[PDB]
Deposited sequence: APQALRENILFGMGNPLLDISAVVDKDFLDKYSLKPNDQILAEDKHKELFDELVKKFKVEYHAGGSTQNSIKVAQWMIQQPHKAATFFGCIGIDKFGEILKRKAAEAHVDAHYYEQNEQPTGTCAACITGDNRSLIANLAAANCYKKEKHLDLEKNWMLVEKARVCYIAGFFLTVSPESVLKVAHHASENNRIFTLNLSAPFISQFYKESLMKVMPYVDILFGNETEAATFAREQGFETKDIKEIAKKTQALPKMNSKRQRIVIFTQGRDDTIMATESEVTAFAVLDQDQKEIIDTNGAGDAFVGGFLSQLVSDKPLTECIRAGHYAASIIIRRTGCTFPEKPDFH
C-alpha cells in the first residue's frame, strides 16, 4: 500500500543558530584570515569578529542552523498537517533564543528545545563578498545539547519514535555524536530511514571519528561537491570524479541491509549526482548556495516521508532550492507549486 503523511513523521535535530549576515570587504576577510566561501567553527582568535561585524556593518538577523533550515523547508513543502516535522536542539535563555522559538512556530514545526543559562544562543556569522559567503559558526548554547538532558526524557523520545524519516546534519556530530547514534541505532533496529549531511569539509577532516561511526547507519547521505572531495581525499578514495566518489561512498559497509544506501551530492550550478545500489546518475538543476543546499534537502525529505520515487525526491529538492534561493532567510509567503 501507499504511505501518506501525519504529525511528527519527520524528525530532525541539530544546532539552532541565529545567522548574522553582512556584506563585508576583502580586507575584513584578511583581517581574520578567512576565505571567501568557507564554513568554519569559531576559534578563539575569531571572538573579535562577532563584535566587529555588528559594530562596523549593516547586519541582518535570520533564523538558521543547517538541519533547522531543512526541517522548516520540509514542513513547508509537506504543508499539511502542521507539525509534520520535529526539531530538537539547544539554545540559551535570551533574546536570540526567543526569536528562534518564534520562527520555528511560525514555520509550523514541532520544535522542542533544550534551554539553559550558561551559554548564549549560538550564532553564525555570514560575511558576504560578491556571491561568496564566509560562514563562521559560534555554536555556544548549541554545543550544550546532551541526550540525557533532553533526547532521553520520554516526552521527547516519544516524538522520535513517531518518526518515519530522521535527518541530522553532520554539523551536529561536533556536539553530540551520542545523540546522533541513539537516533541512528533506533532507525536501524526499527527499519526507519536515517539520513545525514556531510555539512562541511571540516566534518570530514576533523570529526571523522563521529562521521564514520554513524555512516554504517546512514540510509541517505547528502552533501555538496567540496564536501565529497574532502571526504574522498580524507578516506583515501584515489579519485576526484564526483560520480566515482558517490559510488564508493554508496558501497560503504551498512548495518540495516533491508535498505540500500543512497548518496546525493548537489554541485551548485553543476548537476546533482545520485548513487544507488545499481547506478550513478546526474540530474541538471533549474545567491545563498549554503541555504539552497539546506532547502534542497528539505525538498527531498518532503517527498521521502511519503516514499515517493527517488527521482521525484530529487526534483522536489531542486524545486525548493530555486524558491528559497530568491527569498533570504526562512520565511515562505507563497505555497509550494510542485507537481
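Relative to the deposited sequence, which regions have no modelled C-alpha positions in the structure?
Going by the record, the one segment left unmodelled (no C-alpha atoms) falls at 287-293.
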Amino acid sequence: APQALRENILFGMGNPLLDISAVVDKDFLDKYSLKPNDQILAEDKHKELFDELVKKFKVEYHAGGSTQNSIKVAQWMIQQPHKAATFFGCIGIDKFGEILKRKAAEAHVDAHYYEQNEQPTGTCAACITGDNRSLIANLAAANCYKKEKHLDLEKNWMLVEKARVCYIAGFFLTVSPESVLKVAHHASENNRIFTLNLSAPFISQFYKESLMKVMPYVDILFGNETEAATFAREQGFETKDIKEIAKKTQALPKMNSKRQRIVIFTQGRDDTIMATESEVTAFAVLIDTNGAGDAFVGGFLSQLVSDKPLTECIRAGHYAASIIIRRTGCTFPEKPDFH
From here on, numbers count along this sequence of modelled residues.
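With respect to the recorded C-alpha B factors, which stretch has the higher mean value, 125-133 or 237-245?
Higher of the two, by average CA B-factor, is 237-245.
So, looking at the entry's B-factor column for Cα atoms, which has the higher mean, 212-220 or 259-267?
It is 259-267 that shows the higher mean C-alpha B-factor.
Taking the Cα B-factors listed in the entry, which of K254, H112, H82, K72 comes out highest?
By C-alpha B-factor in the record, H82 ranks first.
Comparing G65 with the other modelled residues of its chain, is its CA B-factor in the lowest, middle or highest third?
CA B-factor rank for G65: lowest third.
Check where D294 lands among this chain's C-alpha B-factors and tell me if it's the lowest, middle or highest third.
Answer is lowest: the recorded C-alpha B-factor places it there.
With respect to C-alpha B-factor, does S278 fall in the lowest, middle or highest third of the chain as deposited?
Answer is highest: the recorded C-alpha B-factor places it there.
Cα B factor band for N190 (lowest, middle or highest third within the chain):
Within its chain, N190 is a highest-third residue by C-alpha B-factor, going by the deposited values.
Looking at the C-alpha B-factor of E227, is it in the lowest, middle or highest third of its chain?
Ranked within chain, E227 CA B lands in the lowest tercile.
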